[PDB]
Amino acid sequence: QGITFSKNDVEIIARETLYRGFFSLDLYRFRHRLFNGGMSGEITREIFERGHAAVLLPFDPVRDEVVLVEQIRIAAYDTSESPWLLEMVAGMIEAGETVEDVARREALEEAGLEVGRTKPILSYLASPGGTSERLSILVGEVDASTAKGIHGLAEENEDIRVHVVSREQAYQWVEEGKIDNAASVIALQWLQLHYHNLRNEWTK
């Protein structure tokens, strides 16, 4: 069971930069094995390269509360009622950094939060038909009573508002489409599947 082929079955011949900016768009040229037994010809695909991210679900297990951060995401504009989204704390992982380093730095910069214990949730590919981006989600223990106000680095043109909701209310917002970005959906569905054991572990 499971997948059929490995890295032994594909050769990346070359990569070419198509667009070089803050982010990049690359052309990968490659050949690969086929399910019918043969080899493909040389194929090309465009791939959006923007690095990889750490995501933190800030969960208060005592109060059963979740911290959300609100900020504009202009890319949401064309398909959303508003480009301001309710999200998990998140940021890019720089060379040599750990997921936890980033999650803790972003929790402070974006939400004013200290973080206690942490556990992995999931690491996922955002949209692997067109981008390499991987996001690694942690749940972090927080005191939601300390989560409030406006944060973000104005030097980065980052303007962020903290919201505190109950876990049930956050999940209701997913169901209703009020929270509709992948990282937050994945994190909050995970929390609905795991909260009983997580709260027991963190309130012993």
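Whichever C-alpha set is largest while still superposing within 1.5 Å between the two forms counts as the rigid core. The numbering used is simple: start at 1 and walk along the sequence shown.
Stretch farther from the shown model on average in 9 other deposited structures of this protein, with CA RMS computed after core superposition (31 to 39, 59 to 67): When 31 to 39 and 59 to 67 are compared in 9 other deposited structures of this protein, the bigger C-alpha shift is seen for 31 to 39.
Stretch farther from the shown model on average in 9 other deposited structures of this protein, with CA RMS computed after core superposition (4 to 12, 194 to 202): It is 4 to 12 that deviates more in 9 other deposited structures of this protein.
Unmodelled in at least a third of other entries of this protein, residue 151: Affirmative; at least a third of those entries omit residue 151.
Mean Cα B-factor comparison, 67 to 75 or 93 to 101, giving the higher one as deposited: So the stretch with the higher mean C-alpha B-factor is 93 to 101.
78 to 86 set against 123 to 131, stretch whose average Cα temperature factor tops the other in the entry: Looking at the record's C-alpha B-factors, the answer is 78 to 86.
Residue selected from 49, 46, 60, 158 by maximal Cα B factor: The record points to 158.
Identity of residue with top Cα B-factor, from 54, 153, 174, 165: Spelled out: the listed residue with the top C-alpha B-factor is 153.
B-factor third for the C-alpha atom of residue 17 within its chain: Answer is highest: the recorded C-alpha B-factor places it there.
Among modelled residues of the same chain, the CA temperature factor third for residue 42: It falls in the top third of the chain.
B-factor third for the C-alpha atom of residue 11 within its chain: Its C-alpha B-factor, which the entry lists for residue 11, ranks in the middle third among residues of this chain.
CA B-factor placement of residue 36, once the chain's modelled residues are sorted into thirds: It falls in the top third of the chain.
Third of the chain, ranked by Cα B-factor, where residue 23 sits: Within its chain, residue 23 is a highest-third residue by C-alpha B-factor, going by the deposited values.
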